[PDB]
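Position one of the sequence shown corresponds to residue 74 (our numbering), numbered consecutively onward.
Idealized CB from N, CA, C, for every residue including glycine.
Below you'll find the structure, written out as structure tokens, and then a few comments.
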Amino acid sequence: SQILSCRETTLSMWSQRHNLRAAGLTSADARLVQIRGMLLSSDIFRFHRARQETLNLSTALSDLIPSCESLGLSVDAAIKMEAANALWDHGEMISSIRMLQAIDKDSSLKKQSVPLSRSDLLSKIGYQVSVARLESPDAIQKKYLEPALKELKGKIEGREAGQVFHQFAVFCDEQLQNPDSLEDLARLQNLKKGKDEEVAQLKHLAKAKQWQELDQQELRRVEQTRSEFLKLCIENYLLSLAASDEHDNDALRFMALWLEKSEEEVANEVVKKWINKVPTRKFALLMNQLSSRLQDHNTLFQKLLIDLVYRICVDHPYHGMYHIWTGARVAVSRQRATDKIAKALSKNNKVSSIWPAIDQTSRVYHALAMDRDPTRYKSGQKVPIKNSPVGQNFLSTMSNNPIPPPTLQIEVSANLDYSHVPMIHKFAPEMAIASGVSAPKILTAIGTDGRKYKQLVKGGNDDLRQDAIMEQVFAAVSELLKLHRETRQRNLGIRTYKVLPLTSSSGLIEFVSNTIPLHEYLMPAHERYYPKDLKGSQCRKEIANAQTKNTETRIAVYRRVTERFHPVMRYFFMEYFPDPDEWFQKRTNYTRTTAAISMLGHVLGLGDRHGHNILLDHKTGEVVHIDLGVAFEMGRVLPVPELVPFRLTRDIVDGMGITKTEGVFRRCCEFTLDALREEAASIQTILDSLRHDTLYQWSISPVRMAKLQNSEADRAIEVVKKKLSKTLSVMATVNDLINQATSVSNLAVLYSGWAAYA
Ligand SMILES: Nc1ncnc2c1ncn2[C@@H]1O[C@H](COP(=O)(O)OP(=O)(O)OP(O)(O)=S)[C@@H](O)[C@H]1O
Ligand SMILES: [Mg+2]
């Protein structure tokens, strides 16, 4: 605000003082520059939601119009549009709409400086008239949207056309999923059904048949209207994706809309016509959903889907070829189709030194994962990977085939240039081993640029596709958080990692760089700082013995245990960051990331939040949540249910200081939850894309349910949708959540492996 106000003063004074200016700078030039600087400041003030400053600016701009018309400037349209924006942002919807319509009626948008295209004005009026319900959705399309598409004049590239096409596509989509129109279609369908049943009962007949035919004609009209809307929706989504990059979650919405209509040949003809102009970098992150619908059926849907998956794997190989490999090496048809795509991939010129590399490398990674020997691999040791035959074959094969580390997160390149990606140079000679049955081994790889990429080569009978899908969903929602001022100002978001499933029994997990598990810090620290307290194992055993007793005894035992167990988390920051400046910044990072993941894991039902799934990053302070596969409330179905919204035990809360909760954690919870329920449409779109994934399981299979404690899509998405309801205020919702997350009667009846005493 300070810089922008001083800039306003500067530009106005320079425009007034004619003798200070140079020779060839007339007063029209100074005036025009002043106006442009003011309009820029108005954009900036609008995002900050500073109402009074946009009001001041638009008033001071409207006062310049008389003195601008005498200098020979035509800046009335841009300034009146700024006034209309101020009105709309103060709540005057009808006044803003009337002002924009007056701009459109009597103004020459062609011959005037500070240009203003007629199609963006028309689409602005159309958007505002739709929001205010000021006209029927059949006149909005006839007066504002189709005239806008006609004003583009065949230009199908740029941000102007991107805005127009996204406007029109969202309008048509909104017309399809309309509760009134769906009720009307259902009513006409029941009428047709009942009248046909009555006619069958009879075979009076003449009039009955005539009424039946009139019903049929009405139903044909309604269905044809819906078919036109579907055509326009799909076509304009595809044209908006091909024009600009402003709207790129239109790829997720187009994909959901197209997978719902895989049989309606109308949709497939429109897609066939327009699909080849979208850059494949828009679909690159949707390969879990695309490669799950592959089949060999010779239809048109499959001939489009297979070609799209092929082009994605050719342009961005490190984003599609592992999906193809996993798919090759209704399940039989999917495997056959993925095998055909793989055979075609190992035939073309662009990707031919890349597909064999990934082939051989994945084979040896899987072989190394599956190889368990209790003698050759002792849990906790550190074995040089040259003594097993699998180890030597692995090292040789990896030396002969250079690839980027499979757990490195590669960003998608618009220029299609993946040469700047570090390849695996060599492997560290040894590999660690963790405790389990099928020994998870932690490899290290030294890359070309000289960094160390550690990896968990996880083998056994686990399902990493759940964890990978949920990591992708959480990353998408955290990306939604960046669009709002309050959460973006605080960098509220989650830390991601990379899961890569190789087969149905093995995967590569990214070993997060310099973290430490929460339980592995907390259990030694508890006895280092309080040598007279109970041990972690004594508390766990004491709580597990009273697991088959009444709630009164369980709560009494829990109080007795936590009276002899004091939190020590506040020391994690006093012993990794002794400098007060750094200590304060890192403790704030911890609090903010804990708040963001608490709200985000309440909204998505995230469970299984024990100490071994939470990592503490001792370089930046901020927590990382891994193992995100038990989501959508699957955790309160277990034998000993997890009935808390998130993990907020005494140690998580002790890491926050004098102000236990009231402070940074509560304000950040409220900003997160306030930004989440203003993106409920986008979260619905993400979960809808999840709904068309044939391989995602919406219930926890008794295998993992036994590994954890020693329509389902419709119910889950409905629960998510009612957690984002604006009925209660954010303050009251967060108060309730923090009351039930820290309650002793809730924490006392949790499973003993969920270390709640801690
Ligand atoms: N991707 C990862 N990055 C960094 N550390 C990890 C990662 N995955 C697991 N860890 C940690 O390294 C160890 C590996 O844990 P695992 O033995 O694979 O599974 P686990 O969670 O320990 O077993 P349970 O069922 O939870 S008792 C644990 O101490 C984890 O905290
Ligand atoms: Mg784990």
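> Are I414 and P390 closer than 7 Å when you measure CB to CB?
Replying inline: If you number the sequence shown from 1, residue 414 lands on position 341. If you number the sequence shown from 1, residue 390 lands on position 317. Going by C-beta atoms, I414 is not nearer than 7 Å to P390.
>> Ignoring anything shorter than 4 residues, give me the alpha helix (DSSP H) runs that lie fully in the segment 709-752, in order along the chain.
In response: 723-727, 737-749
> Going by beta carbon distance, what residues of the same chain come within less than 7 Å of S192, once the five residues before and after it are set aside?
Replying inline: In the sequence shown, the residue the question calls residue 192 occupies position 119. Around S192: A221, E224, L225, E233, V237.
> From what residue to what residue does the beta strand (DSSP E) around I687 run?
Replying inline: Residue numbering aside, residue 687 sits at position 614 when the sequence shown is read from its first letter. From DSSP, the beta strand (DSSP E) with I687 extends over 687-690.
>> At a threshold of 6 Å, does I582 count as lining ligand 1 (C-beta to nearest heavy atom)?
In response: Along the sequence shown, one-based indexing puts residue 582 at 509. Within the cutoff, so yes.
>> Nearest by alpha-carbon distance to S469: which of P447, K499, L489 is it?
In response: Translated into positions along the sequence shown, residue 469 becomes position 396. For the residues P447, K499, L489, the minimum Cα distance to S469 belongs to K499.
>> Quick check on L330: does DSSP put it in helix, strand or coil?
In response: In the sequence shown, counting from the first residue as 1, residue 330 sits at position 257. Reduced to three states, the DSSP call for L330 is helix.
> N686: beta carbon under 6 Å from a heavy atom of ligand 2?
Replying inline: Here residue 686 corresponds to residue number 613 of the sequence shown, with the count starting at 1. Checking the Cβ of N686 against ligand 2 gives yes.
>> Once DSSP output is grouped into helix, strand and coil, what is the label at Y570?
In response: Numbered from its first residue, the sequence shown carries residue 570 at position 497. Of the three classes helix, strand and coil, the one that applies to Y570 here is coil, per DSSP.
> How should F118 be labelled, buried or exposed, when 16 other C-beta atoms within 10 angstroms of its C-beta is the threshold for buried?
Replying inline: Taking the first residue of the sequence shown as position 1, residue 118 is located at position 45. Flag for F118 reads buried.
> First and last residue of the beta strand (DSSP E) that includes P590?
Replying inline: Position 517 of the sequence shown holds residue 590. From DSSP, the beta strand (DSSP E) with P590 extends over 588-590.
>> Let me check understanding here. Comparing Cα to Cα, which of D446, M707, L688, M672 lies closest to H698?
In response: Walking along the sequence shown from the start, residue 698 turns up at place 625. With distances taken between Cα atoms, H698 lies closest to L688.
>> Using only the alpha-carbon positions, how far apart do residue 55 and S114 sit?
In response: Any answer about residue 55 is impossible in this case: the structure gives the chain only from 74 up to 831.
> Under the three-state reduction of DSSP, which class applies to residue 55: helix, strand or coil?
Replying inline: The first residue shown for the chain is 74 and the last is 831, placing residue 55 beyond what the model contains.
>> Closer than 6 Å to a non-hydrogen atom of ligand 1 - does that hold for the CB of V585?
In response: Residue mapping note: residue 585 aligns to position 512 of the sequence shown, counting from 1. Yes, the beta carbon of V585 sits closer than 6 Å to at least one heavy atom of ligand 1.
> Any chance the CB of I670 is under 6 Å from a heavy atom of ligand 1?
Replying inline: Against the sequence shown, residue 670 aligns to sequence position 597. No, since every heavy atom of ligand 1 falls outside the 6 Å radius drawn around the Cβ of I670.
> What span of residues does the alpha helix (DSSP H) with residue 840 cover, start to end?
Replying inline: The shown model of the chain, from 74 to 831, leaves out residue 840, and the question about it has no answer.
> According to DSSP, is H163 helix, strand or coil?
Replying inline: On the sequence shown, position 90 is the one that residue 163 refers to. Reduced to three states, the DSSP call for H163 is helix.
> From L781 to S452, what distance separates their C-alpha atoms?
Replying inline: What you label residue 781 is simply residue 708 of the sequence shown in a count that begins at 1. What you label residue 452 is simply residue 379 of the sequence shown in a count that begins at 1. Rounded to whole angstroms, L781 to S452 spans 20 Å at the Cα level.
> What is the residue span of the beta strand (DSSP E) that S209 lies within?
Replying inline: One-based indexing of the sequence shown puts residue 209 at position 136. First-last for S209: undefined, no H or E at that position.
> Got a sec? Which residues, its chain only, sit under 8 Å from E319 by beta carbon, not counting five neighbours each side?
Replying inline: Here residue 319 refers to the residue found at position 246 of the sequence shown. So the list reads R232, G235, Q236, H239, once near-sequence residues are dropped.
> Nearest CA to the CA of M596: which residue from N587, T588, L607?
Replying inline: Here residue 596 refers to the residue found at position 523 of the sequence shown. Ranking the options by Cα distance to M596, first place goes to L607.
> Across which residues does DSSP place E583 in a beta bridge pair?
Replying inline: Here residue 583 is taken as the residue at index 510 of the sequence shown, counted from 1. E583 pairs with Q528.
> Alpha carbon to alpha carbon, what distance is there between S317 and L98?
Replying inline: Working through the sequence shown from its first residue, we reach residue 98 at position 25. Working through the sequence shown from its first residue, we reach residue 317 at position 244. So the alpha carbons of these two residues sit roughly 36 Å apart.
>> Once the 5 residues before and after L797 are set aside, which same chain residues still bring their CB inside 8 Å of it?
In response: Position 724 of the sequence shown, counted from the start, is the residue given in the question as residue 797. Around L797: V676, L749, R750, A753, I756.
>> Quick test of your reading: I567 and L673, contact by CB under 8 Å. State the CB separation rounded to the nearest angstrom.
In response: Numbered from 1 along the sequence shown, position 494 holds the residue referred to as residue 567. Numbered from 1 along the sequence shown, position 600 holds the residue referred to as residue 673. With 8 Å as the limit, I567 and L673 qualify as a contact, their Cβ atoms being about 6 Å apart.
>> Extract the residue ranges of the beta strand (DSSP E) inside the segment 424-487, only unbroken runs of 3 or more that lie entirely within it.
In response: 455-457
> If you compare alpha carbons, which of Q454, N474, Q539, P479 is closest to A505?
Replying inline: In the sequence shown, counting from the first residue as 1, residue 505 sits at position 432. If we check each option's Cα against that of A505, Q454 comes out closest.
> Taking three-plus beta-carbon pairs below 8 Å as touching, is the segment 784-795 in contact with the segment 696-711?
Replying inline: yes
> From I385 to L367, what does the alpha carbon distance come to, in whole angstroms?
Replying inline: For the purposes of this step, residue 385 is identified with residue 312 of the sequence shown, where counting begins at 1. For the purposes of this step, residue 367 is identified with residue 294 of the sequence shown, where counting begins at 1. Taking the straight line joining both Cα atoms gives about 14 Å.
> Residues bridged to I515 by DSSP?
Replying inline: Your numbering for residue 515 matches position 442 in the sequence shown. According to DSSP, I515 bridges with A505, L529.
> Which word fits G680, buried or exposed, when buried means at least 16 other C-beta atoms lie within 10 angstroms of its C-beta?
Replying inline: Residue mapping note: residue 680 aligns to position 607 of the sequence shown, counting from 1. That one is buried.
>> Given a cut-off of 7 Å on the beta-carbon distance, is the pair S186 and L249 in contact?
In response: What you label residue 186 is simply residue 113 of the sequence shown in a count that begins at 1. What you label residue 249 is simply residue 176 of the sequence shown in a count that begins at 1. Result no, Cβ atoms of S186 and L249 do not sit closer than 7 Å.
> Excluding the five sequence neighbours on either side, which residues of its own chain have a C-beta within less than 7 Å of the C-beta of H683, listed in chain order?
Replying inline: Locating residue 683 in the sequence shown gives position 610, counting from the first residue. Counting only Cβ-Cβ distances below 7 Å, and skipping sequence neighbours, we find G826, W827, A828.
> What is the residue span of the alpha helix (DSSP H) that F118 lies within?
Replying inline: The residue given as residue 118 occupies position 45 in the sequence shown. Taken as a continuous stretch (DSSP letters only), the alpha helix (DSSP H) holding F118 covers 100-120.
> Taking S169 as the reference, which of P188, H277, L194 has the closest Cα?
Replying inline: Taking the sequence shown and counting its residues from 1, one reaches residue 169 at position 96. Nearest option by C-alpha distance: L194.
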